[PDB]
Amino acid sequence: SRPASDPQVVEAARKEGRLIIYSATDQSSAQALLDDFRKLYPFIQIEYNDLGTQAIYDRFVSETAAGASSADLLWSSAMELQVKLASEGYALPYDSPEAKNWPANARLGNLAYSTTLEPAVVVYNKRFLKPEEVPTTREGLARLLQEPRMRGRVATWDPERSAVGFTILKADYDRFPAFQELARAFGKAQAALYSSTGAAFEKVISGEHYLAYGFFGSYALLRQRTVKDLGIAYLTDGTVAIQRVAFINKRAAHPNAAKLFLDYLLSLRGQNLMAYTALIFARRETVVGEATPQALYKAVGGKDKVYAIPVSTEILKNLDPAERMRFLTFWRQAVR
């Protein structure tokens, strides 16, 4: 069907004719969304800048201060960075008509929106770890990582070099005491730390590592369609889900193109294309496909086992010096 964007916003977006996106969403996953939006609105030519979460922040802030040509729309899994920008005057306020049922903890009033509910999962190479061998608990994974065969065979986030690796491992540390025991097992097994999903996945695919902890269900699902040896396990003791935040650049050259794309992302049509075709874990619970809330809830044993990190100014507490220090000091000691 068609997103409910105001007719005058559609006309204004046609007058602009262009959309510059800075996004952390790997273009392999985002591409079907771009294709489908272009079908809907063929008079908009999309520039997709596939960038790291930190590079998106640094570049946008830098370009804004220079007064330069920057993005129309920012889309990133680094939830703290997005909520910081959107709460500091970088955001165009827009009441998306596709968000009327968005929970208040899934939006920053009209300044920024959740676009997904993406689980941090375990992926593994079935040539080296059989499904029956991969625990679904932090305590279980801590036990597996005592085995001599797992030494140098574990991949996870570097939370000091990836802003979303921070978001995910911070939420994990805050919510699950058993994360402490697991982090020490990352030490024991001499886990390697990566700043992107792609770099962790390529090591699991080659067998250089057997297991990767905390990377996006979305990317795991998509990579499985081409790599039959890739397995996915969901955490039954509790799953962290990020919500990819989209907001519009207050100083966008193409504010209405950005509005149409944000509406598209939040719409039934865009959320179903996420769930079904892009294999991005959708935010709306009324979707069909592999990458849905209902599939996530089923795999982990209930919606109550999922900690969805809120799209809230309260999460800026993770950028407080004292808060950052306690987590990174614990982490560094544990994993070296």
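Numbers for residues come from their place in the sequence shown, where the first is 1.
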146 to 154 versus 257 to 265 - greater average Cα B-factor per the deposited record
146 to 154
Per the PDB entry, mean CA B-factor is higher for 65 to 73 or 49 to 57, namely for 65 to 73
Quiz for you: based on the deposited Cα B-factor, which of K84, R244, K170, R161 is highest?
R161
Using only the C-alpha B-factors in the record, can you name which of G270, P293, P42, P310 has the highest?
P42
Split the chain's modelled residues into thirds by Cα B-factor; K228 lands in the highest
Relative to the other modelled residues of the same chain, rank the CA B-factor of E88 and answer lowest, middle or highest third.
middle
How does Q190 rank on Cα B-factor within its chain, lowest, middle or highest third?
highest
Lowest, middle or highest third - CA B-factor, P103:
middle
Divide the modelled residues of the chain into thirds by Cα B-factor and specify which third, lowest, middle or highest, holds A178.
highest
